[PDB]
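Reviewing the structure listed below.
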Amino acid sequence: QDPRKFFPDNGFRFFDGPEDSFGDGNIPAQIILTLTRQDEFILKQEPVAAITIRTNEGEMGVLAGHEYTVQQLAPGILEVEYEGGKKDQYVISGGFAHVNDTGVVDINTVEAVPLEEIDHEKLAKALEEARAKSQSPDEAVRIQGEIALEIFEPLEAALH
Amino acid sequence: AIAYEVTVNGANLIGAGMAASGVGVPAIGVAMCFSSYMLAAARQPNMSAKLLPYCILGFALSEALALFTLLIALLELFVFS
Amino acid sequence: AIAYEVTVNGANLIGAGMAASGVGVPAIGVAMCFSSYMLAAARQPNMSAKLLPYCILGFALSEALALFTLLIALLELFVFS
Amino acid sequence: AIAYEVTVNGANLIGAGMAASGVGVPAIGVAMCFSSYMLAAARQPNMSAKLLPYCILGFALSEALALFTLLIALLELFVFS
Amino acid sequence: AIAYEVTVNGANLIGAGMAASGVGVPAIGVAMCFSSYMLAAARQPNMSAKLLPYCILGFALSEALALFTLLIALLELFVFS
Amino acid sequence: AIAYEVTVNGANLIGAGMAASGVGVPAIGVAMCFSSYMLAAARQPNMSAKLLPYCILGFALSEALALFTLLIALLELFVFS
Amino acid sequence: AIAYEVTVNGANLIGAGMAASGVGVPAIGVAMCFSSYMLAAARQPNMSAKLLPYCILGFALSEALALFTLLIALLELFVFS
Amino acid sequence: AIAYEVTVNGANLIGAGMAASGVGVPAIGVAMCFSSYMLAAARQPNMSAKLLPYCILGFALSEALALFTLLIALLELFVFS
Amino acid sequence: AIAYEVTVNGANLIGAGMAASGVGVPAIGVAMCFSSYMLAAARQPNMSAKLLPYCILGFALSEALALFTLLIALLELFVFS
Amino acid sequence: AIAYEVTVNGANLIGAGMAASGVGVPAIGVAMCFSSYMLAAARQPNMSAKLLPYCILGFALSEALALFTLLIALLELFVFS
Amino acid sequence: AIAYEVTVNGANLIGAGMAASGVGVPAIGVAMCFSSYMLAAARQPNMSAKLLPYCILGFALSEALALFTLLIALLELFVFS
Amino acid sequence: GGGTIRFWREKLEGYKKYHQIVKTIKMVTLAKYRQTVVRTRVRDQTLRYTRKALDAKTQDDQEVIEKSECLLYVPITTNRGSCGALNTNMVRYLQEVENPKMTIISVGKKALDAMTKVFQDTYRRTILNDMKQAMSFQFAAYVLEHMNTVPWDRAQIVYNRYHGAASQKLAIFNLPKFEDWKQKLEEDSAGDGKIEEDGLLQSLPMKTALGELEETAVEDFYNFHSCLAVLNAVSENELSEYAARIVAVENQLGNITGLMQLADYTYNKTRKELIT
Amino acid sequence: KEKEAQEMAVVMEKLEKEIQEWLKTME
Amino acid sequence: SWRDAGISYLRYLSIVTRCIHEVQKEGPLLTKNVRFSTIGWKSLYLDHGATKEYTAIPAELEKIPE
């Protein structure tokens with residue numbers, strides 16, 4: 001018998017993850033952001049001045065040097081403020097935000113699309129449908145309407 | 001038995017101190033009612049305006065309890081001989 | 001044994017201080033009962049209407065204790081000689 | 001030795017001040033219970049009806065303590081002389 | 001030297017006030033127990049049955065310290081004439 | 001220098017009032033301990049049995065301190081005249 | 001009922017002390033308000049300017065209750081003879 | 001002037017009622033230390049062997065203060081006249 | 001009515017204690033303020049400087065209250081006969 | 001005017017009670033330090049060696065005050081009359 | 001009117017008890033300072049160095065308040081009568 | 001040689017039709033590969049942090065078979081063949097790894113014919129994705145829901161890594177169970193940070209901040225990151241399928257031409273002989 | 001009451017003559 | 001809510017993603033992204049000689065596994 005011709009690599013080792021160090025000095029003034037939908041990113045280690053996220057407990061803001069905190073992201077939007085005062089918003093579908101003390105943010109979602117690519121006409125027709133779903137007595141429709149509303153109401157608030 | 005009615009004219013003042021020991025406590029009730037706004041406004045700024053009535057309401061009732069304590073402590077200084 | 005019955009009129013007043021000092025404490029109740037509703041409403045705005053009754057209830061049933069503490073400090077100056 | 005029994009009538013009232021100070025402290029007990037209900041219902045609305053009994057229970061027991069304190073006050077202002 | 005034994009009859013009625021100040025401090029305890037049960041069962045409802053004893057068991061003891069504080073006042077007013 | 005040895009047979013009682021004011025404060029400790037047990041076991045049910053000994057051991061000495069305070073208060077009525 | 005009106009001059013002063021003790025209590029509210037501002041602005045730097053008016057207000061009024069409690073304690077030494 | 005020395009044989013007791021008020025307030029410290037141990041071991045179960053030394057420490061020394069307070073409330077009744 | 005003006009010189013020396021009882025409460029405020037600064041700077045160091053002024057402010061004014069309290073306890077000893 | 005210098009030989013034994021009422025208040029402010037150590041160690045045990053210097057330092061300087069709150073109560077029974 | 005100037009010497013000694021009672025409160029501050037520096041130093045060890053100055057500052061000031069309190073309690077036994 | 005010559009003619013025409021059919025397959029495959037190579041620009045970024053949660057030192061197999069009670073092996077296979085040596089090498093790895101405690105839920109049609117003939121009773125079922133729609137997060141959620149029918153202690157997601165057009169090698173994701181991952185997470189959060197294996201990252205702050213997170217959210221963390229791992233596996237095997245089929249089709253065309261010159265030599269030789 | 005206060009009005013008048021008489025000698 | 005109803009976190013995220021795809025604008029992005037929500041998948045188990053579907057874990061998100 002051929003002594004184990006096959007020796008497959010470990011797929012995790014291909015990703016150059018960050019080495020979480022304890023720190024010995026100064027604090028960064030801009031964070032290194034990574035935002036990843038399903039597999040493809042949208043931003044690869046971009047320099048950012050700030051980032052504002054939404055969670056279940058409530059909204060949150062992330063400047064550089066922020067403490068280590070891994071945490072949910074509630075379905076809502078996500079604001080990214082670059083160094084030049086500009087901004088960029090992103091509707092997401094849940095995920096996780098991993099913040100390091102080294103100014104290295106890794107946000108990993110299931111979807112991420114800007115506000116520019118969302119319209120109010122195609123949303124005002126979905127909102128009342130979600131509401132009528134929440135009013136139809138049945139678990140298989142009420143929860144679907146609740147979830148759709150959980151995502152839509154932030155967009156109704158932010159598009160205005 | 002013997003009977004001695006005495007009118008102490010200094011105890012119109014000691015009490016005015018004790019009541020004033022309870023005028024500063026509702027300050028907590030004020031700050032707790034503004035602090036909880038800031039936090040609630042830092043977690044959800046969209047909810048920054050429809051919470052604010054309850055902030056002022058709790059501040060007002062706490063300040064009103066302090067004002068009643070003070071109305072005693074002044075009613076216990078000037079109107080009594 | 002001799003018996004001296006003394007009526008100290010000033011003690012009409014000292015206790016009213018001692019009671020007034022316990023009029024500001026319920027503010028920490030009231031404020032908390034509001035400081036919750038903000039934070040709760042920051043945690044789930046869709047429950048903001050289902051929770052205001054259980055806020056006003058503690059508000060009122062703390063101000064009740066405050067008013068029952070103040071009824072003593074007003075039923076001790078003017079009704080007692 | 002000599003024997004001077006003395007009856008100080010005003011002590012019918014000073015203590016009623018002190019006892020009146022312990023009526024406002026259970027207000028924190030009521031608020032700490034209603035606020036907890038608010039926060040819990042915010043964190044889990046499905047449980048909002050499963051926790052309401054304990055809210056009323058804790059409030060009632062705290063209010064009963066405050067009421068015993070108020071009994072020692074009002075039963076010390078009037079019936080004693 | 002001289003030896004004046006005086007028997008004051010108002011200490012029957014002041015200390016009972018002082019003790020009556022301490023009947024409320026167990027209320028915040030009862031409330032903290034019930035509030036903790038609320039928050040815990042919100043965190044994990046499946047434990048709400050394994051936790052209800054230590055809430056109940058935490059009231060009855062924390063309540064007893066009030067009753068004894070209420071014993072003294074009702075053992076210092078009525079029997080100590 | 002004229003020596004006046006006064007023996008006040010009422011001060012036996014005021015003390016037992018003041019001490020009673022401290023009998024309720026360990027109640028919040030007892031409830032703190034049970035509350036912490038609840039929140040811990042909610043955070044981790046598997047650690048429900050390992051921590052319960054300390055939940056018993058905190059009550060068992062907070063209550064002991066309150067019992068010593070009550071011993072002082074009751075031993076200031078029935079043994080001293 | 002023999003009538004002895006007495007003026008205890010030292011009661012000008014003791015009561016002021018009883019008021020001075022209530023001057024430091026609002027400091028905890030001041031600190032609570034500024035602490036809330038800090039923690040909120042950490043939760044959201046972008047809101048750091050929209051919360052500051054709700055601090056200075058909730059501070060100053062909470063500080064006002066420290067002035068009255070002091071004014072009495074100065075309205076009770078210098079003017080009261 | 002005229003030198004009137006007085007010895008009040010009741011002050012043996014009144015102050016013992018003050019000291020016994022400060023014997024309960026370390027109970028909240030005991031309960032705080034145990035509560036913190038529970039919450040830590042719920043936060044890090046395998047650290048529950050490395051923290052318990054500090055708990056047992058902060059429980060004892062806190063308690064020691066109470067004992068010292070209690071010592072006065074025993075050193076002020078039975079040995080002083 | 002018979003008029004006895006009595007001046008208790010020793011009352012220069014008890015209110016000063018009652019004031020000193022409340023000089024340490026603002027220490028809690030200062031500590032709360034610096035502690036909140038530490039926690040916020042932990043959460044976001046870049047806001048630290050932007051939050052450092054308010055901390056200092058929340059220290060001084062709080063502290064200033066204590067100073068006024070302390071001032072009373074120096075104005076109650078050295079100037080009042 | 002008439003001049004009575006009165007020496008109360010029992011006051012020695014009352015201030016000790018009021019002083020010992022504060023020996024237990026540093027206890028909560030000691031157990032907070034060890035509680036914080038436990039919580040922090042849970043959050044990061046790697047740092048659990050670098051922190052206990054800032055626990056010990058928060059014990060002695062938070063226990064020594066009790067000593068200076070207690071030594072008075074031992075400097076006020078045994079050296080003074 | 002009649003004029004009785006009385007000097008109670010024992011008032012050198014009851015007010016120091018109250019001040020010494022107030023010496024223990026700032027401990028709750030000092031710990032709350034260190035208790036924060038631990039937690040912060042857990043959340044952000046890289047900022048463990050830029051927080052210790054604020055820790056020592058808050059501790060020193062919370063201690064200086066107690067130092068002035070104890071200075072009252074000590075300046076009221078030795079120089080005054 | 002009438003039968004002979006008509007045989008060579010039919011052979012020639014059959015190969016000339018088979019050539020253009022295979023060329024059509026190649027064109028379709030290029031049109032599906034040039035869409036999905038876009039992933040390469042946008043790769044190696046989403047599991048930048050997942051590994052710190054789930055990665056670990058290389059645990060030997062002979063000890064893990066003892067430590068556990070039911071393993072799981074999820075091979076990502078293809079819905080249609082002509083890939084080359086992807087499916088076969090996966091099966092060779094699995095029958096090299098064969099142990100008394102294994103359970104196989106695969107992904108593809110070609111894990112349904114081979115495995116059941118190789119792994120009779122361990123092999124449970126498969127999952128299928130007709131590739132009309134790009135693969136989603138919820139496909140990997142479906143895969144996780146099928147994985148969680150087994151009370152497994154470890155899951156080895158086998159897949160094919162596209163290192164390049166010429167290199168489609170193997171790769172694995174060794175996912176742990178939840179109730180073991182959590183215990184190891186606590187045990188590693190307590191002790192100091194000393195990496196025990198080169199190439200492994202230090203993640204002690206990660207594992208403390210996760211301790212800061214409640215139970216439901218830690219379960220969600222585990223599920224989310226396991227799903228992202230599964231998703232990258234599916235995407236990589238898709239790209240590798242479309243990158244190996246072109247190779248296994250080019251060599252098919254080479255072999256077909258090698259057959260066709262033989263046919264066209266024997267045809268013309270037989271024809272010339274029949275004329276002579 | 002009127003009979004109670006009439007003599008009591010003299011009771012205190014008697015008391016104030018004496019008190020001045022005891023004090024103004026020492027005073 | 002959806003938790004005690006029995007659906008998992010992943011189904012919830014996928015539902016939210018479907019909603020975002022429902023509302024978002026027409027263009028190359030919707031053309032790209034609806035592919036990440038539309039359902040095509042199955043599970044099949046080979047019986048003695050033939051295939052059969054494992055109908056216990058459904059693809060549609062309105063339903064619950066059983």
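Identifiers in the structure tokens: chain A, B, ... in order shown; residue index from 1 per chain; ligand index from 1 in order shown.
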
Discussion item. Report as a PyMOL selection string all protein, DNA and RNA residues lying within 12 Å of residue 39 (chain C), evaluated on only C-alpha atoms, omitting residues in the same chain fewer than 3 positions from it.
Written reply: (chain A and resi 57-58) or (chain B and resi 32-44+47-48+51+54-55) or (chain C and resi 32-36+42-45+47-48+51) or (chain D and resi 35-36+38-43)

Excluding region 61-72 of chain J and residues on its chain fewer than 4 positions from it, collect all residues at most 6 Å away from it, counting only C-alpha atoms, and give them as a PDB file with N, CA and C atoms, in the first residue's frame.
```pdb
ATOM      1  N   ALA J  20     -17.493  54.780  65.249  1.00  0.00           N
ATOM      2  CA  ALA J  20     -17.516  53.390  64.828  1.00  0.00           C
ATOM      3  C   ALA J  20     -18.635  53.105  63.842  1.00  0.00           C
ATOM      4  N   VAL J  23     -16.680  52.796  60.558  1.00  0.00           N
ATOM      5  CA  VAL J  23     -15.619  51.821  60.345  1.00  0.00           C
ATOM      6  C   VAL J  23     -16.028  50.788  59.303  1.00  0.00           C
ATOM      7  N   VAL J  30     -13.781  48.325  50.026  1.00  0.00           N
ATOM      8  CA  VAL J  30     -12.656  47.407  49.924  1.00  0.00           C
ATOM      9  C   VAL J  30     -13.021  46.209  49.071  1.00  0.00           C
ATOM     10  N   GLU J  76     -10.887  57.650  72.151  1.00  0.00           N
ATOM     11  CA  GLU J  76     -11.944  58.436  72.760  1.00  0.00           C
ATOM     12  C   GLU J  76     -12.631  57.710  73.900  1.00  0.00           C
TER      13      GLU J  76
ATOM     14  N   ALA K  20     -15.403  61.569  62.109  1.00  0.00           N
ATOM     15  CA  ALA K  20     -14.784  60.270  61.891  1.00  0.00           C
ATOM     16  C   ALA K  20     -15.713  59.324  61.147  1.00  0.00           C
ATOM     17  N   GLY K  24     -14.815  57.663  56.450  1.00  0.00           N
ATOM     18  CA  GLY K  24     -14.828  56.389  55.765  1.00  0.00           C
ATOM     19  C   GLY K  24     -15.492  56.369  54.405  1.00  0.00           C
ATOM     20  N   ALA K  27     -13.408  56.135  50.896  1.00  0.00           N
ATOM     21  CA  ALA K  27     -12.880  54.842  50.490  1.00  0.00           C
ATOM     22  C   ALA K  27     -13.637  54.309  49.289  1.00  0.00           C
TER      23      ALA K  27
END
```

Fill in: Contacts of residue 13 (chain G) at 7 Å (only C-alpha atoms; same-chain gap of 5+ positions) as a list in words
residues 77 of chain G; 11 and 15 of chain I

Discussion item. I need the chain J residues near chain F as JSON, numbers by chain; criterion: at most 12 Å, counting only C-alpha atoms.
Written reply: {"J": [4, 5, 6, 7, 8, 9, 10, 14, 17, 18, 21, 24, 25, 28]}

Could you tell me which residues of chain N sit within 6 Å of chain A when counting only C-alpha atoms, and give me the result as a PDB file with N, CA and C atoms, in the first residue's frame?
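Just written: part-v9.pdb:
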```
ATOM      1  N   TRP N   2     -38.975  35.016  15.780  1.00  0.00           N
ATOM      2  CA  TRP N   2     -38.423  33.979  14.922  1.00  0.00           C
ATOM      3  C   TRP N   2     -37.555  32.978  15.669  1.00  0.00           C
ATOM      4  N   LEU N  13     -30.784  35.457   8.347  1.00  0.00           N
ATOM      5  CA  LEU N  13     -29.918  36.286   7.523  1.00  0.00           C
ATOM      6  C   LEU N  13     -30.264  36.149   6.052  1.00  0.00           C
ATOM      7  N   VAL N  16     -33.404  38.166   5.306  1.00  0.00           N
ATOM      8  CA  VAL N  16     -33.074  39.584   5.220  1.00  0.00           C
ATOM      9  C   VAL N  16     -32.382  39.889   3.899  1.00  0.00           C
ATOM     10  N   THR N  17     -31.495  38.996   3.470  1.00  0.00           N
ATOM     11  CA  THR N  17     -30.798  39.173   2.206  1.00  0.00           C
ATOM     12  C   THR N  17     -31.769  39.139   1.036  1.00  0.00           C
ATOM     13  N   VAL N  23     -35.876  44.791  -2.751  1.00  0.00           N
ATOM     14  CA  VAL N  23     -36.078  46.231  -2.872  1.00  0.00           C
ATOM     15  C   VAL N  23     -35.037  46.892  -3.760  1.00  0.00           C
ATOM     16  N   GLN N  24     -33.826  46.356  -3.838  1.00  0.00           N
ATOM     17  CA  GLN N  24     -32.741  47.146  -4.390  1.00  0.00           C
ATOM     18  C   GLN N  24     -32.921  47.350  -5.892  1.00  0.00           C
ATOM     19  N   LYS N  25     -32.144  48.286  -6.421  1.00  0.00           N
ATOM     20  CA  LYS N  25     -32.402  48.871  -7.722  1.00  0.00           C
ATOM     21  C   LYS N  25     -32.031  47.916  -8.839  1.00  0.00           C
ATOM     22  N   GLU N  62     -39.502  29.826   4.444  1.00  0.00           N
ATOM     23  CA  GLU N  62     -40.734  29.912   5.216  1.00  0.00           C
ATOM     24  C   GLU N  62     -40.936  28.708   6.125  1.00  0.00           C
TER      25      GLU N  62
END
```

Item to complete: Restrict the distance test to only C-alpha atoms, flag each residue of chain A within 10 Å of chain B, and return the flagged residues as a PyMOL selection string.
Response: chain A and resi 54-61+154+157-158

Fill in: Picked from chain E by DSSP as strand (DSSP E), as number ranges by chain
E: 2-8

Can you show chain B as a compact mmCIF listing (two decimals) with C-alpha atoms, in the first residue's frame once it has been least-squares superposed onto chain J, using every C-alpha atom paired in order?
```txt
# COMPACT_ATOMS: atom_id res chain seq x y z
CA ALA B 1 -24.98 87.04 82.46
CA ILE B 2 -24.42 83.82 84.39
CA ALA B 3 -21.66 81.27 83.74
CA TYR B 4 -21.93 77.47 84.05
CA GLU B 5 -19.03 75.32 82.92
CA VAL B 6 -20.11 71.69 82.87
CA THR B 7 -18.02 68.58 82.20
CA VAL B 8 -20.15 65.74 80.87
CA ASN B 9 -18.35 62.44 81.42
CA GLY B 10 -20.71 60.42 79.19
CA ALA B 11 -19.96 62.15 75.88
CA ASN B 12 -16.66 60.29 75.91
CA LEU B 13 -18.82 57.37 74.77
CA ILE B 14 -21.59 58.58 72.45
CA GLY B 15 -19.02 59.89 70.00
CA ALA B 16 -17.23 56.55 70.17
CA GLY B 17 -20.39 55.07 68.72
CA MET B 18 -20.80 57.58 65.91
CA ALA B 19 -17.24 57.15 64.65
CA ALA B 20 -17.78 53.39 64.73
CA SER B 21 -20.76 53.91 62.42
CA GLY B 22 -18.14 54.86 59.81
CA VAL B 23 -15.72 51.97 60.32
CA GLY B 24 -17.79 49.52 58.28
CA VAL B 25 -18.23 51.74 55.23
CA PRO B 26 -14.68 51.28 53.83
CA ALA B 27 -15.43 47.55 53.67
CA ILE B 28 -17.25 48.44 50.46
CA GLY B 29 -14.07 50.12 49.25
CA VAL B 30 -12.28 46.85 49.96
CA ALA B 31 -14.76 44.59 48.20
CA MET B 32 -15.16 46.88 45.18
CA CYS B 33 -11.36 46.69 44.89
CA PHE B 34 -11.26 42.87 44.93
CA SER B 35 -14.42 42.31 42.89
CA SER B 36 -13.02 44.49 40.11
CA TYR B 37 -9.93 42.28 40.15
CA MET B 38 -11.87 39.04 39.67
CA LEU B 39 -13.84 40.49 36.76
CA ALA B 40 -10.63 41.96 35.33
CA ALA B 41 -9.01 38.57 35.93
CA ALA B 42 -11.94 36.75 34.34
CA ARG B 43 -11.81 38.95 31.24
CA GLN B 44 -8.02 38.82 30.88
CA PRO B 45 -6.13 36.25 32.98
CA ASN B 46 -2.87 37.26 31.31
CA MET B 47 -3.38 40.57 33.15
CA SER B 48 -3.92 38.72 36.45
CA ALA B 49 -0.61 39.73 38.06
CA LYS B 50 0.10 43.35 37.08
CA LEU B 51 -3.35 44.49 38.28
CA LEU B 52 -3.04 42.85 41.71
CA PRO B 53 -0.79 45.62 43.11
CA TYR B 54 -3.58 48.13 42.58
CA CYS B 55 -6.03 45.78 44.27
CA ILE B 56 -3.93 45.64 47.44
CA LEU B 57 -3.20 49.36 47.23
CA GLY B 58 -6.85 50.38 47.19
CA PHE B 59 -7.67 47.79 49.84
CA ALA B 60 -4.88 49.21 51.98
CA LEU B 61 -5.96 52.83 51.73
CA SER B 62 -9.62 51.99 52.37
CA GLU B 63 -8.66 49.82 55.35
CA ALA B 64 -6.43 52.69 56.49
CA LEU B 65 -9.32 55.15 56.46
CA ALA B 66 -11.26 52.63 58.53
CA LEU B 67 -8.27 52.29 60.84
CA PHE B 68 -8.14 56.06 61.34
CA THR B 69 -11.85 56.10 62.16
CA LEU B 70 -11.17 53.32 64.65
CA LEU B 71 -8.13 55.09 66.08
CA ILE B 72 -10.45 58.00 66.80
CA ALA B 73 -13.15 55.76 68.27
CA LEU B 74 -10.56 54.17 70.59
CA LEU B 75 -8.86 57.51 71.26
CA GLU B 76 -12.37 58.64 72.27
CA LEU B 77 -12.83 55.87 74.87
CA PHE B 78 -9.63 55.19 76.79
CA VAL B 79 -7.43 58.31 76.86
CA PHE B 80 -10.18 60.81 77.72
CA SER B 81 -11.45 61.06 81.30
```

Fill in: Selection: 10 Å around residue 33 (chain A), only C-alpha atoms, excl. self and same-chain fewer than 2 positions, as a list in words
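The residues that qualify are residues 30, 31, 35, 36, 43, 44, 45, 46, 47, 48, 49, 50, 51, 80, 99, 103, 104, 105, 106 and 107 of chain A.
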
Item to complete: Work out how far apart CA of residue 74 (chain L) and CA of residue 234 (chain L) are and give it in Å to one decimal.
Response: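 Interatomic distance, CA of residue 74 (chain L) to CA of residue 234 (chain L): 10.8 Å.
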
Practice prompt. Write out as JSON, numbers by chain all residues of chain J that DSSP puts in helix (DSSP H, G or I) for this structure's backbone.
Written response: {"J": [12, 13, 14, 15, 16, 17, 18, 19, 20, 25, 26, 27, 28, 29, 30, 31, 32, 33, 34, 35, 36, 37, 38, 39, 40, 41, 42, 43, 45, 46, 47, 53, 54, 55, 56, 57, 58, 59, 60, 61, 62, 63, 64, 65, 66, 67, 68, 69, 70, 71, 72, 73, 74, 75]}

Save the residues we just selected, C-alpha atoms, as an mmCIF file, in the first residue's frame?
```
data_model
loop_
_atom_site.group_PDB
_atom_site.id
_atom_site.type_symbol
_atom_site.label_atom_id
_atom_site.label_comp_id
_atom_site.auth_asym_id
_atom_site.auth_seq_id
_atom_site.Cartn_x
_atom_site.Cartn_y
_atom_site.Cartn_z
ATOM 1 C CA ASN J 12 -16.589 60.393 75.646
ATOM 2 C CA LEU J 13 -18.722 57.287 75.251
ATOM 3 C CA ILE J 14 -21.095 58.645 72.561
ATOM 4 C CA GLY J 15 -18.711 59.966 69.929
ATOM 5 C CA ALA J 16 -17.131 56.518 69.881
ATOM 6 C CA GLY J 17 -20.426 55.102 68.656
ATOM 7 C CA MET J 18 -20.719 57.758 65.966
ATOM 8 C CA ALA J 19 -17.099 57.166 64.967
ATOM 9 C CA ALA J 20 -17.516 53.390 64.828
ATOM 10 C CA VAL J 25 -18.314 51.907 55.308
ATOM 11 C CA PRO J 26 -14.778 51.312 53.969
ATOM 12 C CA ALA J 27 -15.707 47.616 53.790
ATOM 13 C CA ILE J 28 -17.894 47.951 50.694
ATOM 14 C CA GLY J 29 -15.163 50.186 49.308
ATOM 15 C CA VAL J 30 -12.656 47.407 49.924
ATOM 16 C CA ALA J 31 -14.654 44.499 48.553
ATOM 17 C CA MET J 32 -15.240 46.571 45.418
ATOM 18 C CA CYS J 33 -11.504 46.418 44.763
ATOM 19 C CA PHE J 34 -11.257 42.629 44.976
ATOM 20 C CA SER J 35 -14.502 42.264 43.035
ATOM 21 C CA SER J 36 -13.007 44.420 40.297
ATOM 22 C CA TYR J 37 -9.877 42.274 40.341
ATOM 23 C CA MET J 38 -11.967 39.142 39.842
ATOM 24 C CA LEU J 39 -13.968 40.714 37.018
ATOM 25 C CA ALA J 40 -10.846 42.022 35.276
ATOM 26 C CA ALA J 41 -8.965 38.743 35.665
ATOM 27 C CA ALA J 42 -11.970 37.011 34.124
ATOM 28 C CA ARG J 43 -11.843 39.431 31.210
ATOM 29 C CA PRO J 45 -6.236 36.403 33.106
ATOM 30 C CA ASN J 46 -2.944 37.079 31.316
ATOM 31 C CA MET J 47 -3.019 40.448 33.112
ATOM 32 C CA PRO J 53 -0.528 45.756 42.815
ATOM 33 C CA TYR J 54 -3.448 48.053 41.989
ATOM 34 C CA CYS J 55 -5.689 45.889 44.201
ATOM 35 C CA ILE J 56 -3.488 45.849 47.308
ATOM 36 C CA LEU J 57 -3.037 49.586 46.852
ATOM 37 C CA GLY J 58 -6.817 49.927 46.774
ATOM 38 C CA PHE J 59 -7.138 47.903 49.978
ATOM 39 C CA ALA J 60 -4.690 49.523 52.405
ATOM 40 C CA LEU J 61 -5.558 53.079 51.402
ATOM 41 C CA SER J 62 -9.198 51.944 51.557
ATOM 42 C CA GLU J 63 -8.687 50.092 54.867
ATOM 43 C CA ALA J 64 -6.420 52.618 56.592
ATOM 44 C CA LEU J 65 -9.265 55.132 56.644
ATOM 45 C CA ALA J 66 -11.241 52.637 58.731
ATOM 46 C CA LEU J 67 -8.256 52.524 61.082
ATOM 47 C CA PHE J 68 -8.377 56.303 61.370
ATOM 48 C CA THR J 69 -12.146 55.965 61.699
ATOM 49 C CA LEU J 70 -11.566 53.372 64.458
ATOM 50 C CA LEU J 71 -8.515 54.684 66.296
ATOM 51 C CA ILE J 72 -10.549 57.758 67.221
ATOM 52 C CA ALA J 73 -13.163 55.433 68.680
ATOM 53 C CA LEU J 74 -10.300 53.809 70.623
ATOM 54 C CA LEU J 75 -8.645 57.175 71.310
#
```

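Put simply, CA of residue 118 (chain L) is 11.7 Å away from CA of residue 96 (chain L).
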
Discussion item. For region 42-53 of chain N, find every residue with an atom within 12 Å (counting only C-alpha atoms), except residues of its own chain fewer than 6 positions away, and show them as JSON, numbers by chain.
Written reply: {"L": [104, 105, 106, 107, 108, 109, 110, 111, 112, 113, 114, 115, 116, 117, 120, 121, 123, 124, 125, 126, 127, 128, 129, 130, 131, 139, 142, 143, 145, 146, 147], "N": [59, 60]}

With C-alpha atoms retained, write the just-selected residues as a CSV table (one decimal), in the first residue's frame.
```
chain,number,residue,atom,x,y,z
L,104,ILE,CA,-20.4,11.2,4.7
L,105,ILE,CA,-22.8,13.8,3.5
L,106,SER,CA,-21.4,14.9,0.1
L,107,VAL,CA,-22.1,17.7,-2.3
L,108,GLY,CA,-22.8,16.5,-5.9
L,109,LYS,CA,-24.1,13.8,-8.2
L,110,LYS,CA,-20.8,12.1,-8.6
L,111,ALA,CA,-20.5,11.4,-4.9
L,112,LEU,CA,-23.7,9.4,-5.2
L,113,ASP,CA,-22.5,6.7,-7.6
L,114,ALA,CA,-19.0,6.2,-6.4
L,115,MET,CA,-19.3,6.5,-2.6
L,116,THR,CA,-22.2,4.1,-2.2
L,117,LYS,CA,-20.2,1.6,-4.2
L,120,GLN,CA,-21.6,1.3,1.4
L,121,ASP,CA,-23.2,2.1,4.8
L,123,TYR,CA,-22.2,7.2,3.2
L,124,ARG,CA,-25.6,8.8,4.0
L,125,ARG,CA,-26.7,11.1,1.2
L,126,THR,CA,-25.6,14.1,-0.8
L,127,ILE,CA,-26.5,17.7,-1.6
L,128,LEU,CA,-27.1,19.0,-5.2
L,129,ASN,CA,-26.9,22.5,-6.7
L,130,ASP,CA,-27.9,22.8,-10.3
L,131,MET,CA,-25.6,25.7,-11.2
L,139,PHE,CA,-26.8,27.0,0.2
L,142,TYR,CA,-28.7,24.1,3.9
L,143,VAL,CA,-25.4,22.2,4.0
L,145,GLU,CA,-28.6,21.9,8.4
L,146,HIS,CA,-27.8,18.6,6.7
L,147,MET,CA,-24.6,18.3,8.6
N,59,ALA,CA,-34.7,24.7,1.1
N,60,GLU,CA,-37.6,27.2,1.2
```

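What separates CA of residue 70 (chain A) from CA of residue 42 (chain L) is a distance of 23.8 Å.
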